[PDB]
Amino acid sequence: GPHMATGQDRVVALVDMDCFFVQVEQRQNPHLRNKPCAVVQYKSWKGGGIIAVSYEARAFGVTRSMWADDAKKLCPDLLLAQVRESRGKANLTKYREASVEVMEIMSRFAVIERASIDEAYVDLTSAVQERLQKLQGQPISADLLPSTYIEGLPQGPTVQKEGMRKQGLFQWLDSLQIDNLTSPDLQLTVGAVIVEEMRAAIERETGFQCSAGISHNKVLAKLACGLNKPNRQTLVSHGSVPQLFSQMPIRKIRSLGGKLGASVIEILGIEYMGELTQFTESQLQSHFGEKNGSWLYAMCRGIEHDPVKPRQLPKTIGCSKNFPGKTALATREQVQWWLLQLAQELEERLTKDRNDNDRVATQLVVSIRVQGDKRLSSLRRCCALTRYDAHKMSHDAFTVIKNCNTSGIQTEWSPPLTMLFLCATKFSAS
DNA sequence: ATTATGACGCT
DNA sequence: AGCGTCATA
Ligand SMILES: [Ca+2]
Ligand SMILES: [Mn+2]
Ligand SMILES: [Mn+2]
């Protein structure tokens, strides 16, 4: 009852750019705007692999991971933008720099956690308190929430999408307890007002549109964000969770999309997140471990305490390339040339990082895959990263992997290598 | 031949 | 440390 924590102490948002690499290319090339279009890497093999898809193209059934030749079968007028190639590999610099544009704007509002190239979490708890005292107990107008959905509304006793959105928003605002500075629903609402402002700032200053979720923790904020994309934001209140979770497939919740989520489903014989409430914490811990069990017990009730980490910059800088099928590297000269290509891009990014961010990487991680191995990585070895020099890094990388060569012939490499990966880690301030 | 990443957990 | 899981464009 009175001592039952309800996980309503924070206001957390997740902001995620719509079709992000597509928007980056559409900003650059106005001919691609408002068209079915996609971003592709490489070209020779089946027109290249698709990694981002505009909402116009999604309407034709175009998806990520599709070959462009195959996407063209669904959407013959599909427009394509190719990822840059440098040193024989895809180079994602344009998108990393565009990401920085967005992250720097968000950081003006609050501490952010960079969660991917195109999204960040925001802890808005403090900003909400300040906006609340500024408002002087004044009601919140629907005009301050022009792109917000309230999940679960309208309900109770119009056939247009925007009309439904407004109906739900009106019901929500009509009910609001604006006299209480500590009502969690009011706090989320003010959070949503700030996120409208954040999203308006991002679009004004970059041209990029985004969606957002506003809730009491990161998992619900992430889930909320996807409920009404593109170019909209969704408030998921504590109260909305039972109905929301009652038909929510378990795999939709962050961290349950894989083997663990599959095991929750199989072992417990359930399908939806809400069904987890019928197990004791000990029962869940017995099947899924102490940490996962406690997390599941609280999460199915809408409660999670994972903090928004103060981290705007990536913790690692990596360069990787696959060498599929017949392109697998079979000679020492081959392996060494590509290590050099990778190491040269890595040096470029590392040197830029050192100047921009006042830090230095101190460890080099080298990873490879061998033909025949199903695993993403076959072997991972580390060595010291003492100098930002590509020739040294590539020589060092070779030294730590060269004994993987099962060939009796030195010149040859067996089994052939189907992936190389160089990753700079363990940064220290400089 | 689904590619290039990046964070974090386990032992 | 090296490996595995889960995640996003
Ligand atoms: Ca996105
Ligand atoms: Mn994203
Ligand atoms: Mn996506």
# chains A, B, ... in the order shown; residues from 1 in each chain; ligands from 1

call {"tool": "interface_residues", "arguments": {"of": "chain A", "to": "chain C", "cutoff": "8 Å", "atoms": "only C-alpha atoms (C1' of nucleotides)", "output": "list in words"}}
result
residues 20, 21, 51, 52, 116, 117, 118, 255, 257, 258, 380 and 381 of chain A

call {"tool": "write_last_selection", "arguments": {"atoms": "N, CA, C and O atoms", "output": "PDB file, in the first residue's frame"}}
result
ATOM      1  N   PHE A  20      16.843   8.049 -39.869  1.00  0.00           N
ATOM      2  CA  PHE A  20      17.867   9.048 -39.718  1.00  0.00           C
ATOM      3  C   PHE A  20      18.852   9.183 -40.877  1.00  0.00           C
ATOM      4  O   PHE A  20      18.994  10.218 -41.346  1.00  0.00           O
ATOM      5  N   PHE A  21      19.447   8.119 -41.369  1.00  0.00           N
ATOM      6  CA  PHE A  21      20.424   8.300 -42.450  1.00  0.00           C
ATOM      7  C   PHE A  21      19.731   8.844 -43.712  1.00  0.00           C
ATOM      8  O   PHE A  21      20.327   9.588 -44.484  1.00  0.00           O
ATOM      9  N   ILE A  51      20.218   0.163 -45.468  1.00  0.00           N
ATOM     10  CA  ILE A  51      20.365   0.330 -44.027  1.00  0.00           C
ATOM     11  C   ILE A  51      19.406   1.371 -43.430  1.00  0.00           C
ATOM     12  O   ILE A  51      19.270   1.439 -42.206  1.00  0.00           O
ATOM     13  N   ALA A  52      18.724   2.145 -44.281  1.00  0.00           N
ATOM     14  CA  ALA A  52      17.690   3.095 -43.831  1.00  0.00           C
ATOM     15  C   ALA A  52      16.651   3.342 -44.927  1.00  0.00           C
ATOM     16  O   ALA A  52      16.980   3.349 -46.110  1.00  0.00           O
ATOM     17  N   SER A 116      22.482   5.504 -29.148  1.00  0.00           N
ATOM     18  CA  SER A 116      22.862   5.009 -30.476  1.00  0.00           C
ATOM     19  C   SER A 116      23.294   6.197 -31.314  1.00  0.00           C
ATOM     20  O   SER A 116      23.295   7.322 -30.838  1.00  0.00           O
ATOM     21  N   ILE A 117      23.619   5.957 -32.579  1.00  0.00           N
ATOM     22  CA  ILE A 117      23.962   7.069 -33.455  1.00  0.00           C
ATOM     23  C   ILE A 117      22.787   8.057 -33.607  1.00  0.00           C
ATOM     24  O   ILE A 117      22.997   9.222 -33.922  1.00  0.00           O
ATOM     25  N   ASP A 118      21.552   7.621 -33.359  1.00  0.00           N
ATOM     26  CA  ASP A 118      20.437   8.527 -33.640  1.00  0.00           C
ATOM     27  C   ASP A 118      19.454   8.704 -32.476  1.00  0.00           C
ATOM     28  O   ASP A 118      18.333   9.183 -32.669  1.00  0.00           O
ATOM     29  N   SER A 255      15.787  -5.255 -24.287  1.00  0.00           N
ATOM     30  CA  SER A 255      16.614  -6.335 -23.712  1.00  0.00           C
ATOM     31  C   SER A 255      15.914  -7.699 -23.760  1.00  0.00           C
ATOM     32  O   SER A 255      16.543  -8.719 -23.482  1.00  0.00           O
ATOM     33  N   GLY A 257      14.325  -8.739 -26.629  1.00  0.00           N
ATOM     34  CA  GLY A 257      14.137  -9.061 -28.031  1.00  0.00           C
ATOM     35  C   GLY A 257      14.878 -10.295 -28.520  1.00  0.00           C
ATOM     36  O   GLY A 257      14.734 -10.690 -29.678  1.00  0.00           O
ATOM     37  N   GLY A 258      15.668 -10.902 -27.640  1.00  0.00           N
ATOM     38  CA  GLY A 258      16.547 -11.990 -28.027  1.00  0.00           C
ATOM     39  C   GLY A 258      16.284 -13.287 -27.291  1.00  0.00           C
ATOM     40  O   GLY A 258      15.133 -13.665 -27.059  1.00  0.00           O
ATOM     41  N   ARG A 380      39.345 -12.577 -30.411  1.00  0.00           N
ATOM     42  CA  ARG A 380      39.525 -11.206 -29.966  1.00  0.00           C
ATOM     43  C   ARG A 380      40.781 -11.105 -29.108  1.00  0.00           C
ATOM     44  O   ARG A 380      40.931 -11.834 -28.127  1.00  0.00           O
ATOM     45  N   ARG A 381      41.695 -10.228 -29.501  1.00  0.00           N
ATOM     46  CA  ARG A 381      42.947 -10.045 -28.779  1.00  0.00           C
ATOM     47  C   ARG A 381      43.230  -8.564 -28.607  1.00  0.00           C
ATOM     48  O   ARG A 381      42.934  -7.764 -29.488  1.00  0.00           O
TER      49      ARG A 381
END

call {"tool": "residues_around", "arguments": {"residues": "residue A:414", "least_positions_apart": "5", "cutoff": "10 Å", "atoms": "only C-alpha atoms (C1' of nucleotides)", "output": "PyMOL selection string"}}
result
chain A and resi 329-332+370-371+404-409

call {"tool": "residues_near_ligand", "arguments": {"ligand": "ligand 1", "cutoff": "7 Å", "atoms": "only C-alpha atoms (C1' of nucleotides) and all ligand atoms", "output": "CSV table (one decimal) with C-alpha atoms, in the first residue's frame"}}
result
chain,number,residue,atom,x,y,z
A,16,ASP,CA,15.0,9.1,-31.7
A,17,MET,CA,15.5,10.6,-35.2
A,18,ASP,CA,13.0,9.5,-37.9
A,19,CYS,CA,14.7,7.4,-40.7
A,20,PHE,CA,17.9,9.0,-39.7
A,118,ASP,CA,20.4,8.5,-33.6
A,119,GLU,CA,18.9,8.6,-30.1

call {"tool": "atom_distance", "arguments": {"atom1": "atom CA of residue A:47", "atom2": "atom CA of residue A:70"}}
result
8.3 Å

call {"tool": "interface_residues", "arguments": {"of": "chain B", "to": "chain A", "cutoff": "8 Å", "atoms": "only C-alpha atoms (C1' of nucleotides)", "output": "list in words"}}
result
residues 1, 2, 3, 4, 5 and 6 of chain B

call {"tool": "write_last_selection", "arguments": {"atoms": "N, CA, C and O atoms (P, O5', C5', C4', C3', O3' and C1' of nucleotides)", "output": "PDB file, in the first residue's frame"}}
result
ATOM      1  P    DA B   1      28.578 -16.120 -46.733  1.00  0.00           P
ATOM      2  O5'  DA B   1      27.645 -14.881 -47.127  1.00  0.00           O
ATOM      3  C5'  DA B   1      27.344 -13.869 -46.171  1.00  0.00           C
ATOM      4  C4'  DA B   1      26.374 -12.848 -46.749  1.00  0.00           C
ATOM      5  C3'  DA B   1      25.165 -13.432 -47.468  1.00  0.00           C
ATOM      6  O3'  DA B   1      24.106 -12.524 -47.393  1.00  0.00           O
ATOM      7  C1'  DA B   1      26.460 -12.271 -49.017  1.00  0.00           C
ATOM      8  P    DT B   2      22.728 -12.998 -46.731  1.00  0.00           P
ATOM      9  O5'  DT B   2      22.500 -11.966 -45.540  1.00  0.00           O
ATOM     10  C5'  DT B   2      21.949 -10.701 -45.817  1.00  0.00           C
ATOM     11  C4'  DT B   2      23.006  -9.622 -45.724  1.00  0.00           C
ATOM     12  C3'  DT B   2      24.311 -10.039 -45.070  1.00  0.00           C
ATOM     13  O3'  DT B   2      25.355  -9.126 -45.474  1.00  0.00           O
ATOM     14  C1'  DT B   2      22.918  -8.804 -43.546  1.00  0.00           C
ATOM     15  P    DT B   3      26.863  -9.222 -44.912  1.00  0.00           P
ATOM     16  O5'  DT B   3      27.192  -7.707 -44.565  1.00  0.00           O
ATOM     17  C5'  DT B   3      27.237  -6.753 -45.595  1.00  0.00           C
ATOM     18  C4'  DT B   3      27.643  -5.413 -45.031  1.00  0.00           C
ATOM     19  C3'  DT B   3      28.884  -5.443 -44.154  1.00  0.00           C
ATOM     20  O3'  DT B   3      29.620  -4.264 -44.407  1.00  0.00           O
ATOM     21  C1'  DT B   3      27.080  -4.605 -42.909  1.00  0.00           C
ATOM     22  P    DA B   4      30.991  -3.955 -43.642  1.00  0.00           P
ATOM     23  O5'  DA B   4      30.533  -2.920 -42.516  1.00  0.00           O
ATOM     24  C5'  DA B   4      30.121  -1.602 -42.898  1.00  0.00           C
ATOM     25  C4'  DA B   4      29.924  -0.731 -41.673  1.00  0.00           C
ATOM     26  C3'  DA B   4      31.082  -0.760 -40.679  1.00  0.00           C
ATOM     27  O3'  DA B   4      31.230   0.523 -40.105  1.00  0.00           O
ATOM     28  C1'  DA B   4      29.125  -1.428 -39.588  1.00  0.00           C
ATOM     29  P    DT B   5      32.566   0.913 -39.307  1.00  0.00           P
ATOM     30  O5'  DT B   5      32.448   0.027 -37.979  1.00  0.00           O
ATOM     31  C5'  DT B   5      32.332   0.622 -36.726  1.00  0.00           C
ATOM     32  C4'  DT B   5      30.880   0.810 -36.315  1.00  0.00           C
ATOM     33  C3'  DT B   5      30.732   1.114 -34.844  1.00  0.00           C
ATOM     34  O3'  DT B   5      30.628   2.495 -34.684  1.00  0.00           O
ATOM     35  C1'  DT B   5      29.030  -0.398 -35.639  1.00  0.00           C
ATOM     36  P    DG B   6      31.437   3.195 -33.499  1.00  0.00           P
ATOM     37  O5'  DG B   6      30.707   2.643 -32.185  1.00  0.00           O
ATOM     38  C5'  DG B   6      29.456   3.149 -31.824  1.00  0.00           C
ATOM     39  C4'  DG B   6      28.882   2.362 -30.665  1.00  0.00           C
ATOM     40  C3'  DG B   6      29.842   2.122 -29.489  1.00  0.00           C
ATOM     41  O3'  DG B   6      29.320   2.749 -28.340  1.00  0.00           O
ATOM     42  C1'  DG B   6      28.571   0.201 -30.021  1.00  0.00           C
TER      43       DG B   6
END

call {"tool": "residues_around", "arguments": {"residues": "stretch 397-403 of chain A", "least_positions_apart": "4", "cutoff": "7 Å", "atoms": "only C-alpha atoms (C1' of nucleotides)", "output": "JSON list (two decimals) with N, CA and C atoms, in the first residue's frame"}}
result
[["chain", "number", "residue", "atom", "x", "y", "z"],
["A", 336, "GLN", "N", 47.24, -7.95, -44.43],
["A", 336, "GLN", "CA", 48.00, -6.78, -44.00],
["A", 336, "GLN", "C", 47.53, -5.50, -44.67],
["A", 366, "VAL", "N", 41.72, -6.22, -31.33],
["A", 366, "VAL", "CA", 41.73, -6.74, -32.69],
["A", 366, "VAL", "C", 40.84, -7.97, -32.73],
["A", 381, "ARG", "N", 41.70, -10.23, -29.50],
["A", 381, "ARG", "CA", 42.95, -10.05, -28.78],
["A", 381, "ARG", "C", 43.23, -8.56, -28.61],
["A", 393, "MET", "N", 49.64, 0.66, -35.65],
["A", 393, "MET", "CA", 48.47, -0.04, -35.18],
["A", 393, "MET", "C", 48.22, -1.29, -36.01]]

call {"tool": "select_by_dssp", "arguments": {"residues": "stretch 37-259 of chain A", "states": "helix (DSSP H, G or I)", "output": "PyMOL selection string"}}
result
chain A and resi 55-58+68-74+93-106+125-135+142-144+161-175+184-206+218-225+241-246+250-252+259

call {"tool": "closest_residue", "arguments": {"among": "A:264, A:53, A:192, A:303", "to": "ligand 3", "atoms": "only C-alpha atoms and all ligand atoms"}}
result
A:53

call {"tool": "atom_distance", "arguments": {"atom1": "atom CA of residue A:48", "atom2": "atom CA of residue A:69"}}
result
7.6 Å

call {"tool": "residues_around", "arguments": {"residues": "residue A:10", "least_positions_apart": "6", "cutoff": "12 Å", "atoms": "only C-alpha atoms (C1' of nucleotides)", "output": "VMD selection string"}}
result
chain A and resid 122 to 129 182 to 188 191 214 to 218 220 to 221 237 to 238 303 to 308
